[PDB]
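So the structure is just underneath, and the comments pick up after that.
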Amino acid sequence: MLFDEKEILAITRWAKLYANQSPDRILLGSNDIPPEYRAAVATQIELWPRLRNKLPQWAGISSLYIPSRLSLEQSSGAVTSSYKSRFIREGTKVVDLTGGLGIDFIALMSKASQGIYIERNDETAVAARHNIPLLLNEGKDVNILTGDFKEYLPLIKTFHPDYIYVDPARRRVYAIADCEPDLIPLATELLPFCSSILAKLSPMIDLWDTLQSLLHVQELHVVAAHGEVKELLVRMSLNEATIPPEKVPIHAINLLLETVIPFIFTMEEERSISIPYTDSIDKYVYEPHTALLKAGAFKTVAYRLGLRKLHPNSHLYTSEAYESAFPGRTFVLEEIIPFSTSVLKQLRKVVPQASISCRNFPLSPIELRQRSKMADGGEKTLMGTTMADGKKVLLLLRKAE
């Protein structure tokens with residue numbers, strides 16, 4: 001069932017009026033909802049808790065209509081959508097080619113004054129056509145279009161936006177060749193009619209594959225939130241000189257509960273550096289965040305910060321002096337234990353309970369936990385890893401602050 005504006009207004013009024021009824025009660029229970037609208041109202045009620053968790057600012061807005069559970073689970077989160085606003089100069093023009101629930105478009109429009117939103121799916125577009133004006137600040141100009149952007153190329157070219165944003169879908173591995181829409185012909189055709197294209201890519205895409213496959217890339221950002229990599233963002237522009245792939249600036253950023261500073265490097269730098277690997281542990285132990293790991297700044301972090309790395313495949317660092325601003329977790333070393341199967345049942349002797357992590361180790365953390373019978377909780381961490389000479393060890397760590 002597709003709804004017009006009048007019906008969407010009624011459905012949201014009924015979802016609110018009858019908010020305290022379960023979806024089954026909506027369906028077979030007491031209210032003034034005509035039979036043909038009860039499923040739609042029940043659907044809005046059913047998914048409101050999941051909307052509140054993901055987009056709490058939306059769940060508090062009256063009259064917002066969620067086109068589907070499908071569209072809700074596919075959308076950007078609140079924190080990454082807003083990071084994107086940093087790419088967009090205040091008062092500019094934007095086109096969003098791939099649309100969706102519209103949270104990325106809204107984040108772009110926090111800065112831009114004019115925008116075109118384009119969404120292939122009629123149902124999704126109808127909801128956006130309703131929701132978008134309820135979410136925009138005052139003095140914003142938008143055009144909300146249904147269909148494939150390839151049917152609107154003359155309008156897009158005439159608009160000549162400052163930015164064109166695209167979030168492609170996937171048509172084992174996720175390659176740049178699998179992007180729908182295909183980014184290479186898209187860029188060939190549209191780079192001449194915008195300042196930049198900003199593409200949001202899956203965290204499963206290979207960085208090097210991306211940098212080898214896309215022309216005119218100016219920067220690539222690896223963006224983590226909630227402890228995990230959420231997206232890669234690539235900006236392309238004919239406006240600026242071509243940068244060879246090994247020289248493209250890579251930004252690794254871990255978004256947190258507050259201003260934070262990116263780790264910026266290049267593959268050329270990563271490849272060109274060489275570092276010491278240590279057979280021995282020092283006082284401080286450092287574990288890089290997920291965005292650093294995905295970006296591949298394994299050596300650069302040690303070189304930039306004057307740290308020793310344990311092993312080429314152990315993505316942990318150590319130093320005698322305290323680095324206070326480390327990009328990940330910092331620990332104080334309490335014990336180092338040479339690993340063998342026989343030590344596992346002895347670990348309860350060393351600490352009453354612990355979190356367990358592994359960085360290059362023959363057991364997974366859950367295997368380490370079960371085989372040692374180690375209670376979870378507390379403030380300490382047991383870390384399985386490998387030193388530069390291949391010796392496997394367990395580290396007993398406490399947080400540095």
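Ordering of the structure tokens sets the chain letters (A, B, ...), residue numbers begin anew at 1 in every chain, and ligands are numbered from 1 in the order given.
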Residue contacts of residue 321 (chain A) (10 Å, only C-alpha atoms) excluding same-chain residues fewer than 4 positions away, as JSON, numbers by chain: {"A": [282, 283, 284, 306, 307]}
Strand (DSSP E) per DSSP on the backbone: members of region 41-122 of chain A, as a list in words: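 Here are the strand (DSSP E) residues of region 41-122 of chain A: residues 93, 94, 95, 96, 114, 115, 116, 117, 118 and 119 of chain A.
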Write out, as a PDB file, in the first residue's frame, the residues just selected, with N, CA and C atoms.
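Everything below was put into out-v2.pdb:
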```pdb
ATOM      1  N   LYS A  93      25.592  24.015  -3.119  1.00  0.00           N
ATOM      2  CA  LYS A  93      24.589  23.179  -3.779  1.00  0.00           C
ATOM      3  C   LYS A  93      25.041  21.721  -3.748  1.00  0.00           C
ATOM      4  N   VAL A  94      24.115  20.804  -3.457  1.00  0.00           N
ATOM      5  CA  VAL A  94      24.415  19.366  -3.447  1.00  0.00           C
ATOM      6  C   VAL A  94      23.385  18.517  -4.211  1.00  0.00           C
ATOM      7  N   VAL A  95      23.842  17.423  -4.801  1.00  0.00           N
ATOM      8  CA  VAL A  95      22.950  16.414  -5.350  1.00  0.00           C
ATOM      9  C   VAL A  95      23.287  15.102  -4.640  1.00  0.00           C
ATOM     10  N   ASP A  96      22.270  14.419  -4.116  1.00  0.00           N
ATOM     11  CA  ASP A  96      22.412  13.066  -3.580  1.00  0.00           C
ATOM     12  C   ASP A  96      21.754  12.077  -4.548  1.00  0.00           C
ATOM     13  N   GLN A 114      21.049  24.570  -1.041  1.00  0.00           N
ATOM     14  CA  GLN A 114      20.178  23.989  -2.056  1.00  0.00           C
ATOM     15  C   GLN A 114      20.588  22.543  -2.314  1.00  0.00           C
ATOM     16  N   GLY A 115      19.605  21.659  -2.475  1.00  0.00           N
ATOM     17  CA  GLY A 115      19.894  20.258  -2.751  1.00  0.00           C
ATOM     18  C   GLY A 115      18.869  19.557  -3.615  1.00  0.00           C
ATOM     19  N   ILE A 116      19.341  18.575  -4.366  1.00  0.00           N
ATOM     20  CA  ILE A 116      18.468  17.646  -5.084  1.00  0.00           C
ATOM     21  C   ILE A 116      18.716  16.253  -4.522  1.00  0.00           C
ATOM     22  N   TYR A 117      17.636  15.595  -4.116  1.00  0.00           N
ATOM     23  CA  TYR A 117      17.681  14.256  -3.579  1.00  0.00           C
ATOM     24  C   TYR A 117      17.029  13.413  -4.656  1.00  0.00           C
ATOM     25  N   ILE A 118      17.631  12.279  -4.979  1.00  0.00           N
ATOM     26  CA  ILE A 118      17.116  11.372  -6.010  1.00  0.00           C
ATOM     27  C   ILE A 118      17.090   9.961  -5.452  1.00  0.00           C
ATOM     28  N   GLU A 119      15.951   9.284  -5.550  1.00  0.00           N
ATOM     29  CA  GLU A 119      15.818   7.929  -5.023  1.00  0.00           C
ATOM     30  C   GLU A 119      15.027   7.060  -5.983  1.00  0.00           C
TER      31      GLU A 119
END
```
Nearest candidate to residue 262 (chain A) (options A:125, A:245, A:83, A:173; using only C-alpha atoms): A:83
Distance of CA of residue 75 (chain A) from CA of residue 252 (chain A), expressed in Å to one decimal place: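 Atom-to-atom, CA of residue 252 (chain A) to CA of residue 75 (chain A), that is 21.8 Å.
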Hey, what's within 6 Å of region 399-401 of chain A if we count only C-alpha atoms and toss same-chain stuff fewer than 4 positions away? As a CSV table (one decimal) with N, CA, C and O atoms, in the first residue's frame, please?
```csv
chain,number,residue,atom,x,y,z
A,330,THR,N,45.5,2.7,25.6
A,330,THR,CA,46.8,2.7,26.2
A,330,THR,C,46.8,1.9,27.5
A,330,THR,O,45.9,2.1,28.3
A,331,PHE,N,47.8,1.1,27.7
A,331,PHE,CA,47.8,0.2,28.9
A,331,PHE,C,49.2,0.3,29.6
A,331,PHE,O,50.2,0.7,28.9
A,332,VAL,N,49.2,0.0,30.9
A,332,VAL,CA,50.4,-0.2,31.6
A,332,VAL,C,50.6,-1.7,31.7
A,332,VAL,O,49.7,-2.4,32.1
```
Proximity to residue 128 (chain A) - best of A:178, A:382, A:67, A:207, only C-alpha atoms: A:67
Contacts of residue 347 (chain A) at 10 Å (only C-alpha atoms; same-chain gap of 2+ positions) as a VMD selection string: chain A and resid 337 342 to 345 349 to 353 368 to 369 371 to 374 382 394 396
Hey, which bits of region 26-110 of chain A sit within 10 Å of region 153-165 of chain A, and for each residue what's the closest pair of atoms and how far apart in Å (one decimal), counting only C-alpha atoms, rows by chain and increasing number, as JSON lines?
```
{"residue": "A:87", "atom": "CA", "partner": "A:163", "partner_atom": "CA", "distance": 9.0}
{"residue": "A:88", "atom": "CA", "partner": "A:163", "partner_atom": "CA", "distance": 7.6}
{"residue": "A:89", "atom": "CA", "partner": "A:162", "partner_atom": "CA", "distance": 8.7}
{"residue": "A:91", "atom": "CA", "partner": "A:162", "partner_atom": "CA", "distance": 9.9}
{"residue": "A:92", "atom": "CA", "partner": "A:162", "partner_atom": "CA", "distance": 6.1}
{"residue": "A:93", "atom": "CA", "partner": "A:161", "partner_atom": "CA", "distance": 4.8}
{"residue": "A:94", "atom": "CA", "partner": "A:163", "partner_atom": "CA", "distance": 4.8}
{"residue": "A:95", "atom": "CA", "partner": "A:164", "partner_atom": "CA", "distance": 4.8}
{"residue": "A:96", "atom": "CA", "partner": "A:165", "partner_atom": "CA", "distance": 4.8}
{"residue": "A:97", "atom": "CA", "partner": "A:165", "partner_atom": "CA", "distance": 6.2}
{"residue": "A:98", "atom": "CA", "partner": "A:165", "partner_atom": "CA", "distance": 7.8}
{"residue": "A:99", "atom": "CA", "partner": "A:165", "partner_atom": "CA", "distance": 9.2}
{"residue": "A:104", "atom": "CA", "partner": "A:165", "partner_atom": "CA", "distance": 8.9}
{"residue": "A:105", "atom": "CA", "partner": "A:165", "partner_atom": "CA", "distance": 8.4}
{"residue": "A:108", "atom": "CA", "partner": "A:165", "partner_atom": "CA", "distance": 8.9}
```
Print the selection's residues with N, CA, C and O atoms to a file, as a PDB file, in the first residue's frame.
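selection-v4.pdb, freshly written:
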```
ATOM      1  N   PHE A  87      32.729  17.942   4.834  1.00  0.00           N
ATOM      2  CA  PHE A  87      33.149  18.035   3.413  1.00  0.00           C
ATOM      3  C   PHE A  87      32.417  19.156   2.650  1.00  0.00           C
ATOM      4  O   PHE A  87      32.830  19.538   1.557  1.00  0.00           O
ATOM      5  N   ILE A  88      31.371  19.704   3.249  1.00  0.00           N
ATOM      6  CA  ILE A  88      30.458  20.579   2.514  1.00  0.00           C
ATOM      7  C   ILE A  88      30.544  22.029   2.986  1.00  0.00           C
ATOM      8  O   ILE A  88      30.152  22.333   4.111  1.00  0.00           O
ATOM      9  N   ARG A  89      31.035  22.925   2.132  1.00  0.00           N
ATOM     10  CA  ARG A  89      31.059  24.363   2.453  1.00  0.00           C
ATOM     11  C   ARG A  89      29.663  24.938   2.698  1.00  0.00           C
ATOM     12  O   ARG A  89      28.702  24.571   2.016  1.00  0.00           O
ATOM     13  N   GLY A  91      26.420  27.018   2.563  1.00  0.00           N
ATOM     14  CA  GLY A  91      25.701  27.756   1.508  1.00  0.00           C
ATOM     15  C   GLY A  91      25.869  27.271   0.070  1.00  0.00           C
ATOM     16  O   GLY A  91      25.537  27.994  -0.870  1.00  0.00           O
ATOM     17  N   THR A  92      26.362  26.046  -0.105  1.00  0.00           N
ATOM     18  CA  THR A  92      26.624  25.464  -1.430  1.00  0.00           C
ATOM     19  C   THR A  92      25.404  24.667  -1.966  1.00  0.00           C
ATOM     20  O   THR A  92      24.336  24.665  -1.344  1.00  0.00           O
ATOM     21  N   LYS A  93      25.592  24.015  -3.119  1.00  0.00           N
ATOM     22  CA  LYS A  93      24.589  23.179  -3.779  1.00  0.00           C
ATOM     23  C   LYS A  93      25.041  21.721  -3.748  1.00  0.00           C
ATOM     24  O   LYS A  93      26.214  21.430  -3.996  1.00  0.00           O
ATOM     25  N   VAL A  94      24.115  20.804  -3.457  1.00  0.00           N
ATOM     26  CA  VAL A  94      24.415  19.366  -3.447  1.00  0.00           C
ATOM     27  C   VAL A  94      23.385  18.517  -4.211  1.00  0.00           C
ATOM     28  O   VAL A  94      22.217  18.850  -4.274  1.00  0.00           O
ATOM     29  N   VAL A  95      23.842  17.423  -4.801  1.00  0.00           N
ATOM     30  CA  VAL A  95      22.950  16.414  -5.350  1.00  0.00           C
ATOM     31  C   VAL A  95      23.287  15.102  -4.640  1.00  0.00           C
ATOM     32  O   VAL A  95      24.452  14.736  -4.565  1.00  0.00           O
ATOM     33  N   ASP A  96      22.270  14.419  -4.116  1.00  0.00           N
ATOM     34  CA  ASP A  96      22.412  13.066  -3.580  1.00  0.00           C
ATOM     35  C   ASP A  96      21.754  12.077  -4.548  1.00  0.00           C
ATOM     36  O   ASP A  96      20.527  12.063  -4.682  1.00  0.00           O
ATOM     37  N   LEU A  97      22.577  11.256  -5.201  1.00  0.00           N
ATOM     38  CA  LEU A  97      22.160  10.393  -6.309  1.00  0.00           C
ATOM     39  C   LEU A  97      21.445   9.133  -5.881  1.00  0.00           C
ATOM     40  O   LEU A  97      20.746   8.502  -6.705  1.00  0.00           O
ATOM     41  N   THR A  98      21.670   8.707  -4.647  1.00  0.00           N
ATOM     42  CA  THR A  98      21.278   7.368  -4.248  1.00  0.00           C
ATOM     43  C   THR A  98      20.184   7.391  -3.188  1.00  0.00           C
ATOM     44  O   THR A  98      19.602   6.352  -2.865  1.00  0.00           O
ATOM     45  N   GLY A  99      19.937   8.579  -2.642  1.00  0.00           N
ATOM     46  CA  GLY A  99      18.851   8.825  -1.715  1.00  0.00           C
ATOM     47  C   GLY A  99      18.809   7.953  -0.476  1.00  0.00           C
ATOM     48  O   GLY A  99      19.769   7.879   0.272  1.00  0.00           O
ATOM     49  N   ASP A 104      21.850  11.005   5.265  1.00  0.00           N
ATOM     50  CA  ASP A 104      23.045  11.594   4.672  1.00  0.00           C
ATOM     51  C   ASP A 104      22.677  12.922   3.989  1.00  0.00           C
ATOM     52  O   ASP A 104      23.384  13.916   4.143  1.00  0.00           O
ATOM     53  N   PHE A 105      21.571  12.942   3.245  1.00  0.00           N
ATOM     54  CA  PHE A 105      21.158  14.152   2.542  1.00  0.00           C
ATOM     55  C   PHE A 105      20.932  15.256   3.562  1.00  0.00           C
ATOM     56  O   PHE A 105      21.405  16.365   3.363  1.00  0.00           O
ATOM     57  N   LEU A 108      24.196  16.659   4.736  1.00  0.00           N
ATOM     58  CA  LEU A 108      24.720  17.574   3.706  1.00  0.00           C
ATOM     59  C   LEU A 108      24.020  18.925   3.733  1.00  0.00           C
ATOM     60  O   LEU A 108      24.658  19.972   3.592  1.00  0.00           O
TER      61      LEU A 108
END
```
Minimum-distance residue to residue 21 (chain A), chosen among A:189, A:334, A:46, A:228 (using only C-alpha atoms):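 Closest residue, counting only C-alpha atoms: A:46.
Near region 246-248 of chain A, within 9 Å and counting only C-alpha atoms, sit residues 208, 211, 212, 217, 218, 219, 220, 243, 265, 266, 267, 268 and 269 of chain A, not including residues fewer than 3 positions from it in the same chain.
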Distance of CA of residue 112 (chain A) from CA of residue 12 (chain A), expressed in Å to one decimal place: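 CA of residue 112 (chain A) lies at a distance of 28.8 Å from CA of residue 12 (chain A).
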Residue with smallest distance to residue 229 (chain A) - pool A:152, A:113, A:379, A:80, counting only C-alpha atoms: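 Smallest separation from residue 229 (chain A) among the options: A:80.
Closest approach to residue 287 (chain A) among A:317, A:3, A:263, A:48 is made by A:317 (distances from only C-alpha atoms).
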Region 252-394 of chain A: residues DSSP assigns to helix (DSSP H, G or I), reported as a ChimeraX atom specification: /A:267-272,290-295,298-305,341-349,365-372
Could you write out that same residue set with N, CA, C and O atoms as a CSV table (one decimal), in the first residue's frame?
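Listed below is the output, result-v5.csv:
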```csv
chain,number,residue,atom,x,y,z
A,267,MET,N,50.1,5.8,1.5
A,267,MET,CA,50.6,4.5,1.3
A,267,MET,C,52.1,4.5,1.1
A,267,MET,O,52.9,3.7,1.5
A,268,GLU,N,52.5,5.6,0.3
A,268,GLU,CA,54.0,5.8,0.0
A,268,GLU,C,54.8,5.9,1.3
A,268,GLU,O,55.8,5.3,1.5
A,269,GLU,N,54.2,6.7,2.3
A,269,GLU,CA,54.9,6.8,3.6
A,269,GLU,C,54.9,5.5,4.3
A,269,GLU,O,56.0,5.1,4.7
A,270,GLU,N,53.8,4.8,4.4
A,270,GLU,CA,53.7,3.5,5.1
A,270,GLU,C,54.8,2.5,4.5
A,270,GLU,O,55.4,1.8,5.2
A,271,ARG,N,54.9,2.5,3.1
A,271,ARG,CA,55.8,1.6,2.5
A,271,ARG,C,57.3,1.9,2.6
A,271,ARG,O,58.1,1.0,2.7
A,272,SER,N,57.5,3.2,2.7
A,272,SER,CA,58.9,3.8,2.7
A,272,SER,C,59.6,3.7,4.1
A,272,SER,O,60.8,3.7,4.1
A,290,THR,N,40.2,0.6,15.3
A,290,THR,CA,39.8,-0.2,14.1
A,290,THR,C,40.0,0.6,12.8
A,290,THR,O,40.3,0.0,11.8
A,291,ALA,N,39.9,1.9,12.8
A,291,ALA,CA,40.1,2.7,11.6
A,291,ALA,C,41.6,2.7,11.2
A,291,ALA,O,41.9,2.6,10.0
A,292,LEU,N,42.5,2.8,12.2
A,292,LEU,CA,43.9,2.7,11.9
A,292,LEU,C,44.3,1.3,11.3
A,292,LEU,O,45.0,1.3,10.3
A,293,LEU,N,43.7,0.3,11.9
A,293,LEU,CA,43.9,-1.1,11.3
A,293,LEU,C,43.4,-1.2,9.9
A,293,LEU,O,44.2,-1.8,9.1
A,294,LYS,N,42.2,-0.8,9.6
A,294,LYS,CA,41.7,-0.9,8.3
A,294,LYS,C,42.4,0.0,7.3
A,294,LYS,O,42.6,-0.5,6.1
A,295,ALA,N,42.9,1.1,7.7
A,295,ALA,CA,43.7,2.1,6.8
A,295,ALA,C,45.0,1.5,6.5
A,295,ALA,O,45.6,1.8,5.5
A,298,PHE,N,50.2,0.6,9.8
A,298,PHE,CA,50.8,-0.3,10.8
A,298,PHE,C,52.2,0.2,11.3
A,298,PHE,O,52.5,0.3,12.5
A,299,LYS,N,53.0,0.5,10.3
A,299,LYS,CA,54.4,1.1,10.6
A,299,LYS,C,54.3,2.6,10.9
A,299,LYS,O,55.1,3.1,11.8
A,300,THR,N,53.5,3.3,10.1
A,300,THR,CA,53.5,4.8,10.3
A,300,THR,C,53.1,5.2,11.7
A,300,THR,O,53.7,6.1,12.2
A,301,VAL,N,52.2,4.5,12.4
A,301,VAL,CA,51.9,4.9,13.8
A,301,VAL,C,53.1,4.8,14.6
A,301,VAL,O,53.4,5.7,15.5
A,302,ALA,N,53.9,3.7,14.5
A,302,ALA,CA,55.1,3.6,15.4
A,302,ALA,C,56.2,4.7,15.1
A,302,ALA,O,56.8,5.2,16.0
A,303,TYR,N,56.4,5.0,13.8
A,303,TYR,CA,57.3,5.9,13.3
A,303,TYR,C,56.9,7.4,13.7
A,303,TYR,O,57.7,8.1,14.2
A,304,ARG,N,55.6,7.7,13.6
A,304,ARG,CA,55.1,9.0,13.9
A,304,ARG,C,55.1,9.3,15.4
A,304,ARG,O,55.2,10.5,15.8
A,305,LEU,N,55.1,8.3,16.2
A,305,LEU,CA,54.9,8.4,17.6
A,305,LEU,C,56.1,7.9,18.5
A,305,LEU,O,56.0,8.0,19.7
A,341,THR,N,50.5,-24.2,26.2
A,341,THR,CA,49.2,-24.7,26.5
A,341,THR,C,49.1,-24.9,28.1
A,341,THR,O,48.1,-24.5,28.7
A,342,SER,N,50.2,-25.3,28.7
A,342,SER,CA,50.2,-25.6,30.1
A,342,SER,C,49.9,-24.3,30.9
A,342,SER,O,49.4,-24.4,32.1
A,343,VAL,N,50.2,-23.1,30.4
A,343,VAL,CA,49.9,-21.9,31.2
A,343,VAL,C,48.5,-21.5,31.4
A,343,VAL,O,48.1,-20.8,32.3
A,344,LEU,N,47.7,-22.0,30.4
A,344,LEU,CA,46.2,-21.6,30.4
A,344,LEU,C,45.5,-21.9,31.7
A,344,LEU,O,44.8,-21.0,32.2
A,345,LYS,N,45.7,-23.1,32.2
A,345,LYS,CA,44.9,-23.4,33.5
A,345,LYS,C,45.6,-22.7,34.7
A,345,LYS,O,45.0,-22.6,35.8
A,346,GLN,N,46.7,-22.1,34.5
A,346,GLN,CA,47.3,-21.3,35.6
A,346,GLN,C,46.9,-19.9,35.6
A,346,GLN,O,47.2,-19.2,36.6
A,347,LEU,N,46.2,-19.4,34.6
A,347,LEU,CA,45.9,-17.9,34.5
A,347,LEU,C,45.1,-17.4,35.6
A,347,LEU,O,45.2,-16.2,36.0
A,348,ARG,N,44.2,-18.2,36.2
A,348,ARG,CA,43.3,-17.7,37.3
A,348,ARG,C,44.2,-17.4,38.5
A,348,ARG,O,43.7,-16.7,39.4
A,349,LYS,N,45.4,-17.9,38.5
A,349,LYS,CA,46.3,-17.5,39.6
A,349,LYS,C,46.8,-16.0,39.5
A,349,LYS,O,47.0,-15.4,40.5
A,365,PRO,N,40.1,-14.9,21.4
A,365,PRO,CA,39.8,-14.5,22.8
A,365,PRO,C,38.8,-15.5,23.5
A,365,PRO,O,39.0,-15.7,24.7
A,366,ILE,N,37.8,-15.9,22.8
A,366,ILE,CA,36.9,-16.8,23.5
A,366,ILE,C,37.5,-18.2,23.9
A,366,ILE,O,37.2,-18.7,24.9
A,367,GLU,N,38.4,-18.7,23.0
A,367,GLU,CA,39.1,-19.9,23.3
A,367,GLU,C,40.0,-19.7,24.5
A,367,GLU,O,40.1,-20.6,25.4
A,368,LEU,N,40.8,-18.6,24.5
A,368,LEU,CA,41.6,-18.2,25.6
A,368,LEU,C,40.8,-18.2,26.9
A,368,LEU,O,41.2,-18.7,27.9
A,369,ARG,N,39.6,-17.5,26.9
A,369,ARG,CA,38.8,-17.5,28.0
A,369,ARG,C,38.3,-18.8,28.5
A,369,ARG,O,38.4,-19.2,29.7
A,370,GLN,N,37.8,-19.7,27.6
A,370,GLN,CA,37.2,-20.9,28.0
A,370,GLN,C,38.3,-21.9,28.5
A,370,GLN,O,38.0,-22.6,29.5
A,371,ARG,N,39.4,-21.9,27.9
A,371,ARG,CA,40.5,-22.8,28.3
A,371,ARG,C,41.2,-22.4,29.6
A,371,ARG,O,41.7,-23.3,30.3
A,372,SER,N,41.2,-21.1,29.9
A,372,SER,CA,41.7,-20.7,31.2
A,372,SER,C,40.7,-20.6,32.3
A,372,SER,O,41.0,-20.4,33.5
```
Selection near region 40-44 of chain A, 6 Å with only C-alpha atoms, sequence-local residues under 2 positions removed, as a compact mmCIF listing (two decimals) with N, CA and C atoms, in the first residue's frame:
```txt
# COMPACT_ATOMS: atom_id res chain seq x y z
N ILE A 11 -1.76 8.48 9.20
CA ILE A 11 -1.07 7.32 9.78
C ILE A 11 -0.19 7.73 10.96
N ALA A 15 -0.63 6.61 14.80
CA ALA A 15 0.53 5.97 15.48
C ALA A 15 0.82 6.62 16.81
N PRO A 23 1.31 -3.80 18.22
CA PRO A 23 0.89 -3.91 16.81
C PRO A 23 -0.29 -4.88 16.61
N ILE A 26 -3.44 -2.99 17.65
CA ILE A 26 -3.81 -2.06 16.58
C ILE A 26 -4.68 -2.78 15.55
N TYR A 37 -5.77 0.89 6.88
CA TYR A 37 -4.60 1.60 7.41
C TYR A 37 -3.99 0.98 8.67
N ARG A 38 -4.63 -0.04 9.22
CA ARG A 38 -4.13 -0.61 10.49
C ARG A 38 -2.72 -1.22 10.39
N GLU A 46 5.46 -0.76 15.58
CA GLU A 46 6.41 -1.90 15.73
C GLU A 46 7.85 -1.45 15.66
N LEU A 47 8.16 -0.55 14.73
CA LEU A 47 9.56 -0.21 14.49
C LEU A 47 10.03 1.03 15.25
```
For residue 73 (chain A): contacts at 10 Å, only C-alpha atoms, fewer than 5 positions along chain excluded, given as a PyMOL selection string: chain A and resi 50-51+54+68+101
Distance in Å - CA of residue 273 (chain A) versus CA of residue 215 (chain A):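 A separation of 26.2 Å between them.
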